[PDB]
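Text of structure.pdb (PDB, C-alpha atoms) as supplied:
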ATOM      1  CA  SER A   2    -145.027   4.720  91.385  1.00  0.00           C
ATOM      2  CA  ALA A   3    -141.542   6.016  92.455  1.00  0.00           C
ATOM      3  CA  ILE A   4    -143.261   9.391  93.206  1.00  0.00           C
ATOM      4  CA  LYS A   5    -145.052   9.736  96.582  1.00  0.00           C
ATOM      5  CA  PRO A   6    -148.062  12.085  97.072  1.00  0.00           C
ATOM      6  CA  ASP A   7    -145.854  14.269  99.395  1.00  0.00           C
ATOM      7  CA  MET A   8    -142.272  14.961  98.222  1.00  0.00           C
ATOM      8  CA  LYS A   9    -139.543  17.205  99.691  1.00  0.00           C
ATOM      9  CA  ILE A  10    -137.554  19.626  97.509  1.00  0.00           C
ATOM     10  CA  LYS A  11    -133.857  20.527  98.034  1.00  0.00           C
ATOM     11  CA  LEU A  12    -132.406  23.064  95.623  1.00  0.00           C
ATOM     12  CA  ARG A  13    -129.227  25.059  95.048  1.00  0.00           C
ATOM     13  CA  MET A  14    -129.183  27.779  92.384  1.00  0.00           C
ATOM     14  CA  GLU A  15    -125.905  29.399  91.325  1.00  0.00           C
ATOM     15  CA  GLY A  16    -126.019  32.167  88.771  1.00  0.00           C
ATOM     16  CA  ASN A  17    -125.057  35.514  87.329  1.00  0.00           C
ATOM     17  CA  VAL A  18    -127.402  38.361  86.192  1.00  0.00           C
ATOM     18  CA  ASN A  19    -125.715  41.347  84.453  1.00  0.00           C
ATOM     19  CA  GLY A  20    -122.411  40.326  86.185  1.00  0.00           C
ATOM     20  CA  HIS A  21    -123.963  39.925  89.714  1.00  0.00           C
ATOM     21  CA  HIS A  22    -123.124  36.419  91.130  1.00  0.00           C
ATOM     22  CA  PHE A  23    -125.481  34.765  93.666  1.00  0.00           C
ATOM     23  CA  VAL A  24    -126.168  31.426  95.424  1.00  0.00           C
ATOM     24  CA  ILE A  25    -129.763  30.691  96.551  1.00  0.00           C
ATOM     25  CA  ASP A  26    -130.771  27.568  98.590  1.00  0.00           C
ATOM     26  CA  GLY A  27    -134.329  26.185  98.577  1.00  0.00           C
ATOM     27  CA  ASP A  28    -136.152  23.845 100.963  1.00  0.00           C
ATOM     28  CA  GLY A  29    -139.758  22.904 100.154  1.00  0.00           C
ATOM     29  CA  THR A  30    -142.521  20.342  99.763  1.00  0.00           C
ATOM     30  CA  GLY A  31    -145.049  19.569  97.081  1.00  0.00           C
ATOM     31  CA  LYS A  32    -147.877  17.343  95.922  1.00  0.00           C
ATOM     32  CA  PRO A  33    -146.790  16.034  92.488  1.00  0.00           C
ATOM     33  CA  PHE A  34    -150.308  14.639  91.690  1.00  0.00           C
ATOM     34  CA  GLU A  35    -152.097  17.914  92.706  1.00  0.00           C
ATOM     35  CA  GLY A  36    -149.566  20.086  90.746  1.00  0.00           C
ATOM     36  CA  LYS A  37    -148.755  22.186  93.860  1.00  0.00           C
ATOM     37  CA  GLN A  38    -145.404  23.067  95.426  1.00  0.00           C
ATOM     38  CA  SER A  39    -144.178  25.625  97.944  1.00  0.00           C
ATOM     39  CA  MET A  40    -140.612  26.400  98.947  1.00  0.00           C
ATOM     40  CA  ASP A  41    -138.552  28.663 101.234  1.00  0.00           C
ATOM     41  CA  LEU A  42    -135.654  30.290  99.311  1.00  0.00           C
ATOM     42  CA  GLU A  43    -132.723  31.920 101.078  1.00  0.00           C
ATOM     43  CA  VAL A  44    -130.061  34.053  99.348  1.00  0.00           C
ATOM     44  CA  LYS A  45    -126.722  32.565 100.637  1.00  0.00           C
ATOM     45  CA  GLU A  46    -124.274  34.782  98.618  1.00  0.00           C
ATOM     46  CA  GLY A  47    -124.508  38.050  96.638  1.00  0.00           C
ATOM     47  CA  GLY A  48    -127.460  39.536  98.625  1.00  0.00           C
ATOM     48  CA  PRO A  49    -129.237  41.815  98.648  1.00  0.00           C
ATOM     49  CA  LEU A  50    -129.894  41.032  94.940  1.00  0.00           C
ATOM     50  CA  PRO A  51    -129.627  44.197  92.784  1.00  0.00           C
ATOM     51  CA  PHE A  52    -132.340  42.929  90.326  1.00  0.00           C
ATOM     52  CA  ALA A  53    -136.059  41.932  90.446  1.00  0.00           C
ATOM     53  CA  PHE A  54    -136.314  38.552  92.291  1.00  0.00           C
ATOM     54  CA  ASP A  55    -139.271  37.776  89.926  1.00  0.00           C
ATOM     55  CA  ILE A  56    -136.996  36.959  86.910  1.00  0.00           C
ATOM     56  CA  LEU A  57    -135.638  33.857  88.787  1.00  0.00           C
ATOM     57  CA  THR A  58    -138.911  32.308  89.993  1.00  0.00           C
ATOM     58  CA  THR A  59    -139.722  30.020  86.984  1.00  0.00           C
ATOM     59  CA  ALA A  60    -136.228  28.433  87.443  1.00  0.00           C
ATOM     60  CA  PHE A  61    -137.059  27.548  91.109  1.00  0.00           C
ATOM     61  CA  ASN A  65    -139.896  21.019  87.907  1.00  0.00           C
ATOM     62  CA  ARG A  66    -142.818  19.869  85.704  1.00  0.00           C
ATOM     63  CA  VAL A  67    -143.195  16.776  88.013  1.00  0.00           C
ATOM     64  CA  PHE A  68    -145.374  19.257  90.077  1.00  0.00           C
ATOM     65  CA  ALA A  69    -148.191  19.389  87.500  1.00  0.00           C
ATOM     66  CA  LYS A  70    -151.628  17.678  87.611  1.00  0.00           C
ATOM     67  CA  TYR A  71    -151.609  15.402  84.514  1.00  0.00           C
ATOM     68  CA  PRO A  72    -154.856  13.732  83.349  1.00  0.00           C
ATOM     69  CA  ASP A  73    -154.766  10.002  82.482  1.00  0.00           C
ATOM     70  CA  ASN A  74    -155.241  10.903  78.763  1.00  0.00           C
ATOM     71  CA  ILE A  75    -151.822  12.755  78.470  1.00  0.00           C
ATOM     72  CA  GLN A  76    -148.452  10.910  78.758  1.00  0.00           C
ATOM     73  CA  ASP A  77    -146.674  12.274  81.909  1.00  0.00           C
ATOM     74  CA  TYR A  78    -143.033  12.333  80.672  1.00  0.00           C
ATOM     75  CA  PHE A  79    -141.912  13.957  83.965  1.00  0.00           C
ATOM     76  CA  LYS A  80    -143.249  11.381  86.482  1.00  0.00           C
ATOM     77  CA  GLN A  81    -142.065   8.460  84.174  1.00  0.00           C
ATOM     78  CA  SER A  82    -138.506   9.997  84.226  1.00  0.00           C
ATOM     79  CA  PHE A  83    -138.072   8.922  87.918  1.00  0.00           C
ATOM     80  CA  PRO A  84    -136.247   7.496  89.717  1.00  0.00           C
ATOM     81  CA  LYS A  85    -133.252   8.372  87.387  1.00  0.00           C
ATOM     82  CA  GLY A  86    -134.725  11.866  86.642  1.00  0.00           C
ATOM     83  CA  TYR A  87    -134.508  14.461  83.834  1.00  0.00           C
ATOM     84  CA  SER A  88    -133.065  17.891  83.013  1.00  0.00           C
ATOM     85  CA  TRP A  89    -134.344  21.023  81.260  1.00  0.00           C
ATOM     86  CA  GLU A  90    -132.741  23.978  79.482  1.00  0.00           C
ATOM     87  CA  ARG A  91    -134.628  27.271  79.032  1.00  0.00           C
ATOM     88  CA  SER A  92    -133.983  30.496  77.094  1.00  0.00           C
ATOM     89  CA  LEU A  93    -135.920  33.577  78.354  1.00  0.00           C
ATOM     90  CA  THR A  94    -136.270  36.609  75.998  1.00  0.00           C
ATOM     91  CA  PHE A  95    -137.642  39.903  77.442  1.00  0.00           C
ATOM     92  CA  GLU A  96    -139.125  42.720  75.267  1.00  0.00           C
ATOM     93  CA  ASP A  97    -136.323  45.254  76.152  1.00  0.00           C
ATOM     94  CA  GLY A  98    -133.523  42.813  75.011  1.00  0.00           C
ATOM     95  CA  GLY A  99    -132.864  41.051  78.374  1.00  0.00           C
ATOM     96  CA  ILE A 100    -131.850  37.369  77.741  1.00  0.00           C
ATOM     97  CA  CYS A 101    -131.515  34.543  80.344  1.00  0.00           C
ATOM     98  CA  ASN A 102    -130.364  30.888  80.043  1.00  0.00           C
ATOM     99  CA  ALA A 103    -131.343  28.539  82.898  1.00  0.00           C
ATOM    100  CA  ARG A 104    -130.958  24.783  83.417  1.00  0.00           C
ATOM    101  CA  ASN A 105    -131.985  22.272  86.122  1.00  0.00           C
ATOM    102  CA  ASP A 106    -130.682  18.682  86.682  1.00  0.00           C
ATOM    103  CA  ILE A 107    -133.372  16.900  88.776  1.00  0.00           C
ATOM    104  CA  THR A 108    -132.571  13.682  90.732  1.00  0.00           C
ATOM    105  CA  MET A 109    -134.521  11.794  93.368  1.00  0.00           C
ATOM    106  CA  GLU A 110    -133.238  10.144  96.582  1.00  0.00           C
ATOM    107  CA  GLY A 111    -136.046   8.550  98.631  1.00  0.00           C
ATOM    108  CA  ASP A 112    -138.765  11.179  99.362  1.00  0.00           C
ATOM    109  CA  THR A 113    -136.656  14.167  98.034  1.00  0.00           C
ATOM    110  CA  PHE A 114    -136.068  15.832  94.609  1.00  0.00           C
ATOM    111  CA  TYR A 115    -132.585  17.389  94.337  1.00  0.00           C
ATOM    112  CA  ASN A 116    -132.249  20.343  91.949  1.00  0.00           C
ATOM    113  CA  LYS A 117    -128.950  21.626  90.567  1.00  0.00           C
ATOM    114  CA  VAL A 118    -130.053  24.959  89.021  1.00  0.00           C
ATOM    115  CA  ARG A 119    -127.951  27.430  86.976  1.00  0.00           C
ATOM    116  CA  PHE A 120    -129.310  30.855  85.890  1.00  0.00           C
ATOM    117  CA  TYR A 121    -127.431  33.301  83.580  1.00  0.00           C
ATOM    118  CA  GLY A 122    -128.923  36.666  82.599  1.00  0.00           C
ATOM    119  CA  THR A 123    -127.435  39.451  80.443  1.00  0.00           C
ATOM    120  CA  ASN A 124    -128.325  42.535  78.346  1.00  0.00           C
ATOM    121  CA  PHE A 125    -130.867  43.949  80.879  1.00  0.00           C
ATOM    122  CA  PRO A 126    -130.923  47.777  80.546  1.00  0.00           C
ATOM    123  CA  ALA A 127    -129.713  49.529  83.750  1.00  0.00           C
ATOM    124  CA  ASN A 128    -132.864  51.787  83.550  1.00  0.00           C
ATOM    125  CA  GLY A 129    -135.245  48.858  82.866  1.00  0.00           C
ATOM    126  CA  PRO A 130    -137.788  47.362  85.269  1.00  0.00           C
ATOM    127  CA  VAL A 131    -135.567  44.301  86.158  1.00  0.00           C
ATOM    128  CA  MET A 132    -132.470  46.285  87.267  1.00  0.00           C
ATOM    129  CA  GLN A 133    -134.720  49.031  88.881  1.00  0.00           C
ATOM    130  CA  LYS A 134    -136.865  46.411  90.747  1.00  0.00           C
ATOM    131  CA  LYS A 135    -140.234  47.563  89.321  1.00  0.00           C
ATOM    132  CA  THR A 136    -141.814  44.097  88.778  1.00  0.00           C
ATOM    133  CA  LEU A 137    -144.883  42.996  90.824  1.00  0.00           C
ATOM    134  CA  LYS A 138    -145.589  39.474  89.502  1.00  0.00           C
ATOM    135  CA  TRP A 139    -145.825  36.999  86.602  1.00  0.00           C
ATOM    136  CA  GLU A 140    -149.281  36.828  84.986  1.00  0.00           C
ATOM    137  CA  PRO A 141    -150.851  33.344  84.764  1.00  0.00           C
ATOM    138  CA  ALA A 142    -149.489  31.631  81.596  1.00  0.00           C
ATOM    139  CA  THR A 143    -150.043  28.544  79.379  1.00  0.00           C
ATOM    140  CA  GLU A 144    -147.008  26.423  78.328  1.00  0.00           C
ATOM    141  CA  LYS A 145    -147.510  24.805  74.861  1.00  0.00           C
ATOM    142  CA  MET A 146    -145.899  21.304  74.956  1.00  0.00           C
ATOM    143  CA  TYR A 147    -144.876  19.596  71.675  1.00  0.00           C
ATOM    144  CA  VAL A 148    -142.085  17.392  70.287  1.00  0.00           C
ATOM    145  CA  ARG A 149    -139.685  19.144  67.850  1.00  0.00           C
ATOM    146  CA  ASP A 150    -137.145  16.770  66.134  1.00  0.00           C
ATOM    147  CA  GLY A 151    -137.283  14.167  68.946  1.00  0.00           C
ATOM    148  CA  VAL A 152    -137.176  16.700  71.877  1.00  0.00           C
ATOM    149  CA  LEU A 153    -140.069  17.647  74.209  1.00  0.00           C
ATOM    150  CA  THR A 154    -140.339  21.469  73.948  1.00  0.00           C
ATOM    151  CA  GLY A 155    -142.413  23.932  76.035  1.00  0.00           C
ATOM    152  CA  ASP A 156    -143.202  27.475  74.718  1.00  0.00           C
ATOM    153  CA  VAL A 157    -144.589  30.308  76.912  1.00  0.00           C
ATOM    154  CA  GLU A 158    -145.536  33.871  75.872  1.00  0.00           C
ATOM    155  CA  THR A 159    -146.304  35.857  79.030  1.00  0.00           C
ATOM    156  CA  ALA A 160    -145.595  39.132  80.865  1.00  0.00           C
ATOM    157  CA  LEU A 161    -144.714  40.563  84.265  1.00  0.00           C
ATOM    158  CA  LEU A 162    -147.030  43.213  85.744  1.00  0.00           C
ATOM    159  CA  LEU A 163    -144.984  46.381  86.600  1.00  0.00           C
ATOM    160  CA  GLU A 164    -145.792  49.309  88.941  1.00  0.00           C
ATOM    161  CA  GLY A 165    -147.903  51.925  87.034  1.00  0.00           C
ATOM    162  CA  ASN A 166    -150.327  49.550  85.166  1.00  0.00           C
ATOM    163  CA  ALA A 167    -147.660  48.416  82.590  1.00  0.00           C
ATOM    164  CA  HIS A 168    -146.689  44.889  81.376  1.00  0.00           C
ATOM    165  CA  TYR A 169    -143.176  43.620  80.461  1.00  0.00           C
ATOM    166  CA  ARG A 170    -143.333  40.824  77.857  1.00  0.00           C
ATOM    167  CA  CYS A 171    -141.223  37.637  78.201  1.00  0.00           C
ATOM    168  CA  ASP A 172    -141.081  34.640  75.795  1.00  0.00           C
ATOM    169  CA  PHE A 173    -139.405  31.367  76.783  1.00  0.00           C
ATOM    170  CA  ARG A 174    -138.671  27.972  75.267  1.00  0.00           C
ATOM    171  CA  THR A 175    -137.806  24.971  77.506  1.00  0.00           C
ATOM    172  CA  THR A 176    -136.418  21.606  76.307  1.00  0.00           C
ATOM    173  CA  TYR A 177    -136.920  18.563  78.578  1.00  0.00           C
ATOM    174  CA  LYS A 178    -134.752  15.353  78.471  1.00  0.00           C
ATOM    175  CA  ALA A 179    -135.193  12.141  80.520  1.00  0.00           C
ATOM    176  CA  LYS A 180    -131.863  10.604  81.735  1.00  0.00           C
ATOM    177  CA  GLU A 181    -133.209   7.100  80.793  1.00  0.00           C
ATOM    178  CA  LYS A 182    -133.494   6.451  77.004  1.00  0.00           C
ATOM    179  CA  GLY A 183    -136.928   5.099  75.956  1.00  0.00           C
ATOM    180  CA  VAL A 184    -139.077   7.213  78.288  1.00  0.00           C
ATOM    181  CA  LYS A 185    -141.847   7.654  75.698  1.00  0.00           C
ATOM    182  CA  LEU A 186    -142.511  11.265  74.467  1.00  0.00           C
ATOM    183  CA  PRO A 187    -146.022  12.719  74.986  1.00  0.00           C
ATOM    184  CA  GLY A 188    -148.487  14.181  72.464  1.00  0.00           C
ATOM    185  CA  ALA A 189    -148.890  17.991  72.143  1.00  0.00           C
ATOM    186  CA  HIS A 190    -150.688  19.541  75.181  1.00  0.00           C
ATOM    187  CA  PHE A 191    -150.835  22.636  77.431  1.00  0.00           C
ATOM    188  CA  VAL A 192    -149.788  23.274  81.074  1.00  0.00           C
ATOM    189  CA  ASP A 193    -151.457  26.266  82.822  1.00  0.00           C
ATOM    190  CA  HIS A 194    -149.093  27.853  85.408  1.00  0.00           C
ATOM    191  CA  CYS A 195    -149.742  30.239  88.322  1.00  0.00           C
ATOM    192  CA  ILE A 196    -146.669  31.357  90.286  1.00  0.00           C
ATOM    193  CA  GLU A 197    -146.821  33.652  93.342  1.00  0.00           C
ATOM    194  CA  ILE A 198    -144.395  35.017  95.949  1.00  0.00           C
ATOM    195  CA  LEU A 199    -146.554  34.405  99.098  1.00  0.00           C
ATOM    196  CA  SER A 200    -144.227  36.403 101.403  1.00  0.00           C
ATOM    197  CA  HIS A 201    -140.708  37.839 101.560  1.00  0.00           C
ATOM    198  CA  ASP A 202    -138.542  40.011 103.829  1.00  0.00           C
ATOM    199  CA  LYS A 203    -137.122  43.485 103.014  1.00  0.00           C
ATOM    200  CA  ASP A 204    -134.773  42.795 100.040  1.00  0.00           C
ATOM    201  CA  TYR A 205    -136.108  39.343  99.022  1.00  0.00           C
ATOM    202  CA  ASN A 206    -133.315  37.535 101.009  1.00  0.00           C
ATOM    203  CA  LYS A 207    -136.059  35.126 102.187  1.00  0.00           C
ATOM    204  CA  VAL A 208    -138.924  34.332  99.752  1.00  0.00           C
ATOM    205  CA  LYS A 209    -141.827  31.852 100.073  1.00  0.00           C
ATOM    206  CA  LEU A 210    -142.794  30.771  96.523  1.00  0.00           C
ATOM    207  CA  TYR A 211    -145.886  28.840  95.358  1.00  0.00           C
ATOM    208  CA  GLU A 212    -146.750  27.282  91.984  1.00  0.00           C
ATOM    209  CA  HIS A 213    -149.933  25.540  90.808  1.00  0.00           C
ATOM    210  CA  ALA A 214    -149.774  23.780  87.419  1.00  0.00           C
ATOM    211  CA  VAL A 215    -152.420  21.764  85.446  1.00  0.00           C
ATOM    212  CA  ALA A 216    -151.930  19.878  82.123  1.00  0.00           C
ATOM    213  CA  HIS A 217    -154.904  19.975  79.643  1.00  0.00           C
ATOM    214  CA  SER A 218    -155.599  19.301  75.907  1.00  0.00           C
ATOM    215  CA  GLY A 219    -157.244  22.758  75.354  1.00  0.00           C
ATOM    216  CA  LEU A 220    -161.071  22.282  75.738  1.00  0.00           C
ATOM    217  CA  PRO A 221    -163.103  23.366  78.870  1.00  0.00           C
TER
END

Can you turn what I pasted into structure tokens?
Amino acid sequence: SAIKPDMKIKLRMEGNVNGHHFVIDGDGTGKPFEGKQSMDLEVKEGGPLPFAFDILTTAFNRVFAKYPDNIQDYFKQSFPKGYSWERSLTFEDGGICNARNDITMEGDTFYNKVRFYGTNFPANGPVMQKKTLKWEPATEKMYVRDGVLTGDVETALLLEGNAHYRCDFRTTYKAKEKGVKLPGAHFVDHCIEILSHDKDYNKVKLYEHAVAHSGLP
């Protein structure tokens, strides 16, 4: 395979949430076949961020997912040329985000060109008031809609004061090479955690564990 058991991650995110511009660099490593990745993020411009760092973390690559032999792994078969995704995130108080990633590979390293745009977050809401604690574990439903691999998630962020803040998102995934064969419908379980950070989330260590399954235990 093109994909080694230990891969480096280089990432630049540029974006805008509620008119606040930012640039965030990422350096990390991961184990594509174990579905594990960890990365050091550093805010380069626009810090300290005036919104909950948590809304960005799912934008910071489904190559880092343990796929069983019985499910087509679209993501690992997309290399070395790579793939891109587009995502729309809808929050229960009317917040709406569009994110995309163009993923390429050069030797042992995945390069990530990430864009994140967020709007319509209420000034008094948990995102702009920085009241989020974490994403709850979530299952991504993978299926093909009209020739496009689509991933749906219905999840929530835990807030301070024993409350949840609901988020739905839809991702579309496209291989750069035509004739990478689409998979059957399946699930990917995701856990994402901020392992450490400094005062205003200018430096963040982020971890994700993901596993593909066909539903049954």

Figure out the distance between CA of residue 194 in chain A and CA of residue 133 in chain A, please, to one decimal in Å.
25.8 Å

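When all atoms listed in the file are used to measure the gap to residue 76 in chain A, the shortest distance among A:187, A:32, A:197, A:137 belongs to A:187.
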
Would you give me, as CSV, each residue of range 68-99 of chain A having an atom within 8 Å of an atom of range 152-173 of chain A, along with its shortest atom pair and that distance in Å to one decimal, using all atoms listed in the file and sorting by chain and residue number?
residue,atom,partner,partner_atom,distance
A:91,CA,A:173,CA,6.7
A:92,CA,A:173,CA,5.5
A:93,CA,A:173,CA,4.4
A:94,CA,A:172,CA,5.2
A:95,CA,A:171,CA,4.3
A:96,CA,A:170,CA,5.3

Once the PyMOL selection byres ((chain A and resi 97-102) around 12) has been evaluated on this model, what residues remain selected, and can you format them as JSON, numbers by chain?
{"A": [16, 17, 18, 19, 56, 57, 59, 60, 89, 90, 91, 92, 93, 94, 95, 96, 103, 104, 105, 118, 119, 120, 121, 122, 123, 124, 125, 126, 127, 128, 129, 130, 131, 132, 168, 169, 170, 171, 172, 173, 174, 175, 176]}

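As for CA of residue 45 in chain A and CA of residue 10 in chain A, they are spaced 17.2 Å apart.
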
As JSON, what would the box around range 65-83 of chain A look like: edges along x, y and z, 3 Å added on every side, centre and edge lengths in Å to one decimal?
{"center_x": -146.7, "center_y": 14.7, "center_z": 84.3, "size_x": 23.2, "size_y": 18.6, "size_z": 17.6}

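Compared by their closest atoms to residue 198 in chain A, and using only C-alpha atoms, the residues A:87, A:115, A:147, A:61 rank with A:61 nearest.
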
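Between residue 141 in chain A and the candidates A:117, A:85, A:190, A:213, the tightest atom-to-atom separation, counting only C-alpha atoms, involves A:213.
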
The PyMOL selection byres ((chain A and resi 34) around 7) resolved against shown file, as a count of residues only
8

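Taking CA of residue 209 in chain A and CA of residue 135 in chain A as endpoints, the distance between them is 19.1 Å.
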
Please work out which residues fall within 9 Å of (-133.3, 37.2, 99.6), coordinates as given in the file, with only C-alpha atoms counting, and return them as a PyMOL selection string.
chain A and resi 25+42-45+48-50+54+201-208

Using all atoms listed in the file, the best pick from A:24, A:14, A:109, A:40 as closest to residue 200 in chain A would be A:40

Within 6 Å of residue 12 in chain A, counting all atoms listed in the file, which residues show up once you throw out same-chain ones fewer than 4 positions away? Write them as a PyMOL selection string, please.
chain A and resi 26-27+115-116

For the file shown, report as a ChimeraX atom specification the outcome of the PyMOL selection byres ((chain A and resi 3) around 8) at residue level.
/A:2,4-5,83-84

Give one line per residue of range 33-89 of chain A that approaches range 178-186 of chain A to at most 6 Å, naming the two atoms of the closest pair and their distance in Å to one decimal, counting only C-alpha atoms; sort by chain then ascending residue number and deliver it as JSON lines.
{"residue": "A:82", "atom": "CA", "partner": "A:179", "partner_atom": "CA", "distance": 5.4}
{"residue": "A:86", "atom": "CA", "partner": "A:180", "partner_atom": "CA", "distance": 5.8}
{"residue": "A:87", "atom": "CA", "partner": "A:179", "partner_atom": "CA", "distance": 4.1}
{"residue": "A:88", "atom": "CA", "partner": "A:178", "partner_atom": "CA", "distance": 5.5}
